[PDB]
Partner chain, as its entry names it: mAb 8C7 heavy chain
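For reference, the chain that follows is the form solved without the partner chain, supplied as structure tokens.
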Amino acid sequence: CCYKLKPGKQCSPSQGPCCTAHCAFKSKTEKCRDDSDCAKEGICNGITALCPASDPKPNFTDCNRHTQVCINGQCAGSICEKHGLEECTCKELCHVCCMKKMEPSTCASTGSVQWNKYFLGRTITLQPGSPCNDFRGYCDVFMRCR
């Protein structure tokens, strides 16, 4: 009902979530992107009909249910990376196991006596859909691999 654009019109909602039904940029205070694990909510800037970027939350912020961490506004890596450790395979295949680097001898679940100083003995399980067993399968809703 706006558009090119008719005279006097600033934009058409089609071009983005920051345009009123009446073809005008929304205020530099309107929300256009819901919050997120790693990203903050998006606000319009009142100058364009596009919804701007979205500032990222601190880096080692938990995401995907304590399963992973936030890296540059993206849920990546593994929760193990928050504490200097590395994810390793532990059935218990969809449990999160960590180890000190280069030392597979140390590979233990998050809810073990060691690691307690980090996970307070909580046995974190991989989210269904996650990779498992050295990228050989994925985790079911049944917590089974492949």
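What we label the rigid core is the largest C-alpha set whose atoms superpose within 1.5 Å from one form to the other. Positions refer to the first chain, counted from 1.
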Residues of the deposited sequence that sit between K4 and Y3 yet are not modelled: 10 or more
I79-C80 interval: deposited residues absent from the model: none
Output the stretch having the higher mean C-alpha B factor in the entry; the candidates are 44-52 and 31-39. 31-39
Can you tell me whether 7-15 has a higher mean C-alpha B factor than 128-136 in this record, or the other way round? 7-15
Can you pull the Cα B-factors for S105, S109, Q68, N116 from the entry and say which is highest? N116
What third of its chain, lowest, middle or highest, does the C-alpha temperature factor of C63 fall into? middle
Would you mind ranking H95 by its C-alpha B-factor against the rest of the chain and naming the third, lowest, middle or highest? lowest
Place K26 in the lowest, middle or highest third of its chain's C-alpha B-factors, as listed in the PDB entry. lowest
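Missing here is the form solved in complex with the partner chain; even so, the following discussion is about that form.
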So in the entry with it bound, is the partner chain close enough to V141 to count as touching (4.5 Å, heavy atoms)? yes
Taking 4.5 angstroms as the cut-off for heavy atoms, does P128 touch the partner chain in the entry with it bound? yes
Taking heavy atoms only, is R146 within 4.5 angstroms of the partner chain in the entry with it bound? yes
Only counting heavy atoms and a 4.5 Å limit, does any residue of 62-78 reach the partner chain in the entry with it bound, and if so which ones? none
Please determine whether the C-alpha atom of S105 is displaced by 2 Å or more between the shown form and the other one following superposition on the rigid core. no
Taking the rigid core as the reference frame, is the Cα of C132 displaced by 2 Å or more between the shown form and the other one? yes
Once you line up the core, how about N116: does its CA shift reach 2 Å between the shown form and the other one? no
